[PDB]
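Reckoned from all heavy atoms, side chains included, excluding hydrogens, waters and symmetry mates. A note on names: the letters A, B, ... follow the listed sequences, proteins ahead of strands, and every chain is numbered from 1.
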Amino acid sequence: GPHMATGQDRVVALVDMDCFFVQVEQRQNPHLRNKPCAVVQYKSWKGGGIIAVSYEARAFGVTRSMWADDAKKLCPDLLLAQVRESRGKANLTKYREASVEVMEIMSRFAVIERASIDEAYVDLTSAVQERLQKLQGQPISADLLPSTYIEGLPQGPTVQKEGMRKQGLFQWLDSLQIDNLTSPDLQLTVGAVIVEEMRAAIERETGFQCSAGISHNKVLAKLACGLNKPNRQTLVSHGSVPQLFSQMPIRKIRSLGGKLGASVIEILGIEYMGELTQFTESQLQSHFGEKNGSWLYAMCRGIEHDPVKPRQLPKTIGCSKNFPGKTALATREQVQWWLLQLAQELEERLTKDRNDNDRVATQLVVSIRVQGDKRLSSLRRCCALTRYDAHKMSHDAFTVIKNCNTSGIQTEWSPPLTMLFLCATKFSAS
DNA sequence: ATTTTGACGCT
DNA sequence: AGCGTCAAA
Ligand SMILES: [Ca+2]
Ligand SMILES: [Mg+2]
Ligand SMILES: [Mg+2]
């Protein structure tokens, strides 16, 4: 009752660029705008592997992970943009730089946590308090929320999408108590106003469109973000949680899309997030561990406390290349040449990072996969990273992995290598 | 033969 | 330290 926390203490947004790599290429090449198009890596094997897909192409059934040749079977007029190749490998520099454009715009509004190349969490609690102070009890106009959906509305006693959006928004604003500066629903509504402003700023200053979720924590903000894409934002209030979760597959909640979610479904014999409410905290801890159990018990009630971390920059800088099937590296020379290619890209990115961000990586992580291993990585070794020098880094990586070569022949490498990975970690201020 | 990434938990 | 999990374009 009066002491039961409700996880309504924060306003958190998650902003996620729509079909990000596609928008980067469409900004660059106007011929691709408003077309079924996709971004692809490589080209020789089955036309290349698709990594990003415009919504026009998605209407034909084109998806990520599809080979371009097969996507062309579904969408004959599909246009393609190729990822840059440098030093024999795909190079994602263009997308990292576009990401920096968006992250720097978002950081003007609030502290952000970079969650991936194209998405960031925003802690809007403080910004909401100031905006509420400026508003001075003034009602919030639907005009301030031109692209916002209120999850769960309209409800109760138009057949077009925008009509429904406005109906729900009208119901929500009609119900709001604007005189209580401490109302969680009001705080979320002001948050959504700020996110409308953030998203307009991103589109104005970059050309890129995005979607966003606004809620009281990161998990609900992420889930909300996905409910109305593209180019829209969704507010998930605390009160919307019971109905939303009553038919929400467990796997749709962030961190439950893999084995743990599968085990929750299998062990408990449930399908939807809301069904978790029927278990005690101790029961959930008994099956999934103390930490997971406490997290699940609160999350199924819409409560999560993971903070928006103040971190705009990635914590590691890595380069990697797979060598599938017959291309697996089977000679020492091959392994050293590709280690050099990776190390040269890594050096270029590390030097840029050091100049821009006043930091230096101090550890080099070397990871390989050997042909015949189910795991993504077969082996991981670290060494000191003391100089931004590609030849030294590639030599050091070879030194830490050379004993993995079973082969009795000095010139040959066995078992052949199907993956190489170099990652600079453990940054210190400089 | 999705590939190339990036964060964080466990022991 | 090294491995595993979950997630992104
Ligand atoms: Ca996205
Ligand atoms: Mg996606
Ligand atoms: Mg994303």
Side-chain angles (χ1 to χ4, degrees), chain A residues 14 16-25 38-54 63-71 81-86 88-96 98-99 102 113-121 208 218-219 222 225-226 251-263 288-292 295 306 309 311 313-328 342 345-346 349 363 365-369 371 373-383 400 418-426:
Chain A
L14 177 273
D16 179 277
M17 308 308 296
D18 298 329
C19 52
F20 185 49
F21 288 14
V22 166
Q23 290 197 84
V24 177
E25 298 293 334
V39 174
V40 69
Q41 293 189 127
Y42 306 116
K43 194 69 190 160
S44 304
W45 187 268
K46 297 177 177 186
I50 291 173
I51 60 173
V53 186
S54 79
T63 67
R64 204 185 74 252
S65 161
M66 203 164 266
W67 298 116
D69 285 350
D70 293 334
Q82 291 181 65
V83 176
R84 173 182 178 202
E85 288 179 293
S86 302
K89 64 182 293 302
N91 187 303
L92 306 170
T93 300
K94 186 194 304 183
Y95 316 108
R96 291 193 185 98
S99 175
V102 172
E113 179 183 341
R114 180 198 198 271
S116 75
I117 195 159
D118 88 321
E119 72 204 84
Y121 294 92
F208 302 143
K218 294 162 71 180
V219 164
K222 176 47 168 175
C225 184
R251 63 180 178 273
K252 302 300 184 178
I253 287 63
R254 195 198 77 191
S255 84
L256 301 181
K259 295 178 178 185
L260 171 63
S263 74
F288 312 112
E290 181 181 294
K291 237 18 83 179
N292 285 334
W295 184 88
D306 186 40
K309 295 183 176 48
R311 194 194 73 239
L313 304 170
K315 293 190 76 168
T316 57
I317 296 180
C319 318
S320 81
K321 190 167 174 49
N322 294 349
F323 303 95
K326 296 271 283 190
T327 71
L342 285 177
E345 178 184 333
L346 185 59
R349 286 164 59 194
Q363 183 178 263
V365 174
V366 187
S367 177
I368 66 178
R369 190 185 57 236
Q371 199 154 53
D373 191 331
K374 82 184 178 61
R375 306 171 295 168
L376 278 315
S377 163
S378 297
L379 183 134
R380 202 213 136 159
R381 292 293 190 264
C382 57
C383 65
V400 305
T418 52
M419 182 275 296
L420 295 176
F421 185 23
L422 296 181
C423 187
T425 70
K426 296 193 184 8

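Set against C:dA9, B:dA7, B:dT4, the side chain of A:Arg311 has B:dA7 as its closest nucleotide. Taking only side-chain atoms of A:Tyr42, from C-beta outward, the nucleotide of C:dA7, B:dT3, C:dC6 with the closest atom is B:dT3. Here the nucleotide nearest the side chain of A:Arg114, chosen from B:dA1, B:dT4, B:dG6, is B:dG6. Closest contact between the side chain of A:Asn322 and the listed nucleotides B:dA7, B:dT4, C:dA9 involves B:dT4.
For A:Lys321 and B:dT4, the shortest distance from a side-chain N or O to OP1 or OP2 is below 4.0 Å. Phosphate proximity of C:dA7 to A:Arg254: absent, as no side-chain N or O sits under 4.0 Å from OP1 or OP2. Remark: A:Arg96 is not in phosphate contact with C:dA8, judged by side-chain N or O atoms under 4.0 Å from OP1 or OP2. Considering only side-chain N and O atoms, A:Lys315 lies under 4.0 angstrom from the phosphate OP1 or OP2 of B:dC8. OP1 and OP2 of B:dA7 both lie 4.0 Å or more from every side-chain N or O belonging to A:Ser116.
Protein atom CD of A:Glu113 is 15 Å distant from nucleotide atom P of C:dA7, rounded to whole Å. Atom OH in A:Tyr95 sits roughly 15 Å away from atom P in B:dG6 (whole-Å rounding).
Considering only heavy atoms from C-beta on, A:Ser367 comes within 4.5 Å of A:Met419 through its side chain.
You can call A:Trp45 stacked on the base of B:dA1; the centres are under 5.5 Å apart and the planes sit within 30°.
Relative ring orientation between A:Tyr95 and A:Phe21 is described as parallel, the plane-to-plane angle staying below 30° on a 0-90° scale split at 30° and 60°.
Checked by atom type and distance alone, the side chain of A:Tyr121 never pairs as donor or acceptor with a backbone atom of A:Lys222 at under 3.5 Å.
A:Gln41 contributes no side-chain N or O that forms a donor-acceptor pair with the base of B:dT4 under 3.5 Å.
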